[PDB]
Amino acid sequence: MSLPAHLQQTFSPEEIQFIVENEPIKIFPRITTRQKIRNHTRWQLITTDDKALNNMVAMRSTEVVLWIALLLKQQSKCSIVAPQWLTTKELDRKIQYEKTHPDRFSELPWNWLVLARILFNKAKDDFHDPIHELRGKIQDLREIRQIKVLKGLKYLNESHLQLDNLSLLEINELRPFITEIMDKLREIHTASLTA
Amino acid sequence: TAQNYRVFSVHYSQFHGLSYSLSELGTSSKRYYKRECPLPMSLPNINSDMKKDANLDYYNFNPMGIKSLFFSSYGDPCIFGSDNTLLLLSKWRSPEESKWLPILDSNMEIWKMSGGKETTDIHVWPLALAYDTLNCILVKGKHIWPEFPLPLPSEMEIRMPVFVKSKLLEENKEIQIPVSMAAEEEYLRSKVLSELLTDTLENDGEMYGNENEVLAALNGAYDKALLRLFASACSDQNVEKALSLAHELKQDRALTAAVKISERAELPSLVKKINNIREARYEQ
Amino acid sequence: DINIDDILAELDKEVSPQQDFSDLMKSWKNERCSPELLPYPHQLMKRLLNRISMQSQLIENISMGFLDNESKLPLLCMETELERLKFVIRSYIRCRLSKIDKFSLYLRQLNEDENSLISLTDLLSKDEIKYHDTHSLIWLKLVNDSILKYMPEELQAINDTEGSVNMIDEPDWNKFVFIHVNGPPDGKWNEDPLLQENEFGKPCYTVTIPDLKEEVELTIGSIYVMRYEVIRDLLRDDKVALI
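Those sequence lines, one after another, are chains B, F and D. Heads up: the first sequence runs through residues 1 to 38, 46 to 202, numbered per the authors' numbering. Heads up: the second sequence runs through residues 619 to 791, 814 to 924, numbered per the authors' numbering. Heads up: the third sequence runs through residues 2 to 15, 54 to 107, 120 to 294, numbered per the authors' numbering.
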């Protein structure tokens with residue numbers, strides 16, 4: 001049919017990256033589009056705010072949508088600023104939180120995996136911390152969060168489930184299993200309750 | 619260090635001391651603004667008495683320890699060195715109106731953002747300042763100077779050295817800030833920024849086309865700080881304190897808000913005086 | 002001390056393309072996961088199509104002007132931004148078409164029902180109406196002249212719901228979906244009803260599952276795996292969003 005089988009009820013990871021790329025990020029421009037007091048074509052986009060793009064001043068931090076920050080970072084015309092949660096100190100704090108509370112997930116942003124991957128691939132030289140350590144802490148967080156998920160998929164009842172603080176990519180990859188096992192355990196229950 | 623048309627230099631000698639001089643050569647008019655005037659920068663003397671770790675090499679590189687003399691986006695000279703405090707020239711246009719205002723306190727800001735520790739492993743290498751935007755590399759380690767892969771110029775905001783340690787250690791160990821003094825510091829920042837912007841408004845003209853709007857927003861925040869301080873004074877039932885603070889209000893709508901604060905914060909006597917101020921402003 | 006936030010708010014109390060795109064993404068996310076065919080946002084899609092047409096014309100005009120500084124970054128950003136918007140609308144429309152194909156007979160019986168509280172004109176777009184009608188007609192012709200021609204009249208109906216097994220397919224109302232509790236669409240909490248404040252001070256909704264006769268508190272800013280039928284009312288009010 002119109003929509004392929006693997007896109008039926010889930011999002012392909014490319015679509016998750018597409019969704020994440022619409023979030024604003026803070027950049028240090030390497031150009032200056034701010035018209036002086038004393046021609047030029049303005050952005051005038053339709054799905055975001057062009058105000059922060061027509062007023063870029065070199066080495067003056069602004070906020071632009073991520074898919075534009077990446078487009079400028081394709082050249083040497085900007086420098087993506089890593090979010091505060093993507094530092095070694097904060098990653099260590101989150102890892103300690105995960106190791107301290109074995110029943111609930113840490114408060115990482117919903118796009119932490121996708122943003123980490125995108126920034127590590129396209130902005131590998133804009134981190135105040137060694138990227139070889141940020142990768143090693145992102146992987147550690149992913150491992151701990153995977154251990155907690157496998158021990159909660161052991162609570163797949165037929166009423167509901169509270170996956171608090173879970174990210175977006177993790178939810179996306181767990182959707183076809185959780186939402187298809189709970190459906191079967193609900194069909195069994197409703198068949199039993201046919202009286 | 620020189621701007622587009624103006625040159626700023628610091629002269630040091632063993633007999634005359636640290637004397638600066640800001641001379642604007644100009645396209646066709648060598649208009650002078652200062653000459654050999656004394657400056658308040660603190661030369662490193664105690665810290666140079668054979669008690670330092672990894673700073674000896676840098677002090678050998680620069681005997682006076684002055685890191686930079688960068689200007690501002692509006693031509694305001696700025697000084698950075700061992701004391702780790704910026705030094706701006708607020709009313710630099712008039713030689714008689716010379717004003718050396720410490721606008722930033724690097725050590726204090728670093729401490730209040732570090733979580734509580736008096737960390738020394740963080741060193742600030744300033745590059746430039748532009749209207750609260752101080753671009754400076756924050757090297758982490760025992761080496762003050764950066765390496766070849768120059769780090770991203772992280773930005774720091776200007777803050778007066780009004781932060782008192784006694785007040786800041788209320789929550790001894814996101815460092816908490818005393819709200820009573822935070823609004824006063826915001827008042828001071830808005831005041832100095834408005835004064836600096838007014839100097840370049842009529843003289844240097846419009847720079848980006850938005851100086852008037854940012855000045856208006858800054859004045860709004862300036863009067864909001866006055867309103868908060870007025871409410872704080874009224875909280876102590878000191879009518880004379882609020883009356884004295886109300887004479888610096890700029891917008892009349894903020895003065896009406898002050899009337900409401902007086903009429904609501906258990907101060908009926910302040911109502912008449914603030915109304916009298918408003919009625920005087922009717923004819924002013 | 003007394004709080005002075007009220008007067009501070011008092012002195013500060015003297054349809055945008057970004058919002059249109061955000062609503063389009065919200066509708067696309069809801070459509071991709073919801074088992075049922077969600078109502079079509081006619082006004083939003085009309086505005087979005089007008090914006091795409093006008094922006095394409097603007098890009099063409101700017102290109103003609105350039106066809107006679121050399122700042123091509125704004126034009127490249129315009130082109131790629133328009134491509135992204137077109138992709139979002141493409142995926143949304145094709146997901147709706149797939150759902151129409153899956154539930155063609157259900158939509159047909161809703162149309163033919165005078166007691167129905169919904170209408171295809173209020174739930175499908177004009178192109179969706181045309182596609183649904185034509186596809187149903189051609190598939191009916193194929194199935195007729197291939198299988199149903201050789202079948203008696205009592206077993207010739209294409210929507211026989213009285214047989215051994217129901218042959219009209221209905222959406223799985225109790226399907227499990229991932230919901231994120233947005234809270235009221237506005238930034239004010241006390242104004243919106245149904246928001247029974249929970250203990251620990253966190254506001255929450257309250258929905259009951261009729262099959263289990265169980266009450267579950269839907270805390271704001273939390274992620275749940277709930278039956279779609281239970282959530283349908285909140286989802287229509289945008290108080291929750293499908294992940």
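Yeah, the Cβ is synthetic: ideal placement off N, Cα and C, and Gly gets one too.
- When only Cα atoms are considered, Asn-172(B) and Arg-918(F) end up about 53 Å apart.
- The shortest C-alpha to C-alpha distance from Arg-149(B) to any of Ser-113(B), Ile-19(B) and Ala-5(B) is the one to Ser-113(B).
- In the same chain as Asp-147(B), and ignoring 5 residues on each side of it, the C-beta atoms closer than 7 Å to its own belong to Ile-102, in chain order.
- Listed along the chain, the chain F residues whose CB falls inside 7 Å of the CB of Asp-2(D) are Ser-875.
- Excluding sequence positions up to five before and after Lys-758(F), its CB lies within less than 7 Å of the CB of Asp-739 and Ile-740, all in the same chain and listed in chain order.
- Residues of chain D with a Cβ closer than 9 Å to the Cβ of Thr-201(B) do not exist; the shortest Cβ-Cβ separation is about 11 Å.
- Chain-ordered, the chain F residues with CB closer than 9 Å to the CB of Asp-133(B) read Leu-770.
- Exposure of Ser-92(D) is indicated by the presence of fewer than 16 other C-beta atoms within 10 angstroms of its C-beta.
- Annotation: the continuous alpha helix (DSSP H) that includes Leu-136(D) extends over 124 to 153.
- Nearest CB-CB separation between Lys-900(F) and chain D: below the 8 Å threshold.
- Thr-259(D): not part of any alpha helix (DSSP H); member of the beta strand (DSSP E) spanning 255 to 260, first to last residue.
- At a cut-off of 8 Å, the C-beta of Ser-166(B) has a neighbouring C-beta in chain D.
- Contact annotation for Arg-67(B) against chain F: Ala-748, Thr-751, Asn-753 and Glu-773 [CB-CB distance below 9 Å, chain order].
- The region 136 to 151 of chain D makes contact with the region 2 to 9 of chain B, as at least three CB pairs between them are under 8 Å.
- Counting only Cβ-Cβ distances below 9 Å, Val-88(B) has contacts in chain F at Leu-770 and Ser-772, in chain order.
- Rounded to whole angstroms, the Cβ separation of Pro-254(D) and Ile-271(D) is 5 Å, and the two are in contact under 8 Å.
- Annotated three-state conformation of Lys-758(F) is strand, per DSSP.
- A residue is called buried once 16 or more other Cβ atoms fall within 10 Å of its Cβ, and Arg-653(F), having fewer, is exposed.
- Two segments are said to touch when three or more pairs of C-beta atoms, one from each, lie closer than 8 Å; by this definition the region 65 to 83 of chain B touches the region 20 to 34 of chain B.
- According to DSSP, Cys-655(F) shares a beta bridge with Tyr-638(F).
- For the pair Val-911(F) and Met-778(F), the Cα-to-Cα distance works out to about 33 Å.
- Selection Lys-890(F), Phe-688(F) and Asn-790(F) evaluated against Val-625(F) yields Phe-688(F) as nearest (Cα-Cα).
- Counted as a single uninterrupted DSSP element, the stretch harbouring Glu-165(B) is not any alpha helix (DSSP H), since DSSP gives it neither H nor E.
- By the Cβ-count criterion, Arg-893(F) is exposed, with fewer than 16 other Cβ atoms from all chains shown falling within 10 Å of its own Cβ.
- Secondary structure at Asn-179(B): helix, using DSSP grouped into helix, strand and coil.
- For the region 178 to 189 of chain B, the residues whose beta carbon sits under 7 Å from a beta carbon of chain D are, in order, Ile-178, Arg-182, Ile-185, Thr-186 and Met-189.
- With a threshold of 16 other beta carbon atoms within 10 Å, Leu-193(D) falls short and is exposed.
- The beta carbon of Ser-690(F) sits closer than 7 Å to those of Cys-696, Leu-747 and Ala-748, all from its chain and outside the five residues before and after it, given in chain order.
- The alpha-carbon separation between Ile-189(D) and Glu-221(D) amounts to approximately 21 Å.
- Close to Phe-28(B), with beta-carbon spacing below 8 Å, are these residues of chain F in chain order: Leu-770 and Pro-771.
- The beta-bridge partner set that DSSP reports for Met-774(F) consists of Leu-752(F).
- Against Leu-12(D), the close residues of chain F are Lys-864, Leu-867, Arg-893, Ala-894 and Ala-897, in the order they occur along the chain (beta-carbon pairs closer than 8 Å).
- For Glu-213(D), the three-state secondary structure derived from DSSP is coil.
- When rounded, the separation of the alpha-carbon atoms in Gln-891(F) and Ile-721(F) is 26 Å.
- When 8 Å is used as the limit between beta carbons, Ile-37(B) is near these residues of chain F: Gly-845, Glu-846, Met-847, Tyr-848 and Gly-849, in chain order.
- When the Cα atoms are used, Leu-770(F) and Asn-62(B) turn out to be separated by approximately 21 Å.
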